[PDB]
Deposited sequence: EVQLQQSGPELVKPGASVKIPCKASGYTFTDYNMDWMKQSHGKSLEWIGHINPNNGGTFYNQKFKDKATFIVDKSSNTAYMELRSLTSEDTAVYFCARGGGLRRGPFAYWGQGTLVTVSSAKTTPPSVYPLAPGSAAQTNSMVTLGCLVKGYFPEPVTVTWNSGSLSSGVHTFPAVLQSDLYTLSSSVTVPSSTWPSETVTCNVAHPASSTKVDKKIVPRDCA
């Protein structure tokens, strides 16, 4: 099956550049364009341009001429988009998508998106605090005082996901805080084990906080 796989989130200083990979598999890479999109937070998408991997050719949305460069590594079926002279206006999710081959068409296959945050603020890992307290029981995980976004949260590595609510982070005094609840039967907890799995890619934090009965 077709897969487009992008890099993880990126914190970049103002004025610097970043390069975003998009690795393709499940089809013959040189048959199709690779297109690139930008989506600012809370906003619609903008098409940056595309590259023809077969022959190296490119077309840029004029608006992105001073911002984006496309290249491909035919050798590894990886398309790349470089963004230069970064400002806060470039903070956004960037997506690759497979484009036209023999003729124009829709974007049927997309990469997962990569978040680029432009800031010169320092990186701060979160503290992960457990929350302990009735046929059902709700348990929590508090992820506090981090920068930048994102963190990811799972419960028992994703096997337990059915009664999870993970709340969007709030920015406070230059720091994000996020929470996440989970609800399971009384019979299963505190009887057997529940832990939240928290990662903060920007600091390489990966914590497992077990929910201990108080």
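- Gaps in the coordinates relative to the deposited sequence fall at 134-139, 221-223.
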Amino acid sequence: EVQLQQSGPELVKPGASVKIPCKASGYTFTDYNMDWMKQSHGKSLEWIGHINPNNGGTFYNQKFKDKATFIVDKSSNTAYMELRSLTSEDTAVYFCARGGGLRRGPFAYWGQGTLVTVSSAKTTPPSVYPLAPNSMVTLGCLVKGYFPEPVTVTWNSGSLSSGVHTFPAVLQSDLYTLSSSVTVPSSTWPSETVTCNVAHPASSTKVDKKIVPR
From here on, numbers count along this sequence of modelled residues.
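- If you average the C-alpha B-factors over 61-69 and over 171-179, the higher value belongs to 171-179.
- Of the two segments, 91-99 and 117-125, the one listed with the higher mean B-factor is 117-125 (C-alpha atoms only).
- Taking the PDB entry at face value, the top CA B factor among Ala108, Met81, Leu86, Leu131 belongs to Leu131.
- Out of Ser44, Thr166, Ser161, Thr152, the entry records its largest CA B-factor for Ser161.
- The entry lists a Cα temperature factor for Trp36 that places it in the lowest third of the chain's modelled residues.
- Per-chain ranking of the deposited C-alpha B factor places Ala202 in the middle third.
- For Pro9, the recorded CA temperature factor ranks within the lowest third of the chain's modelled residues.
- Ranked within its chain, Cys22 lands in the lowest third, by CA B factor from the PDB record.
- Split the chain's modelled residues into thirds by C-alpha temperature factor. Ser135 is in the highest one.
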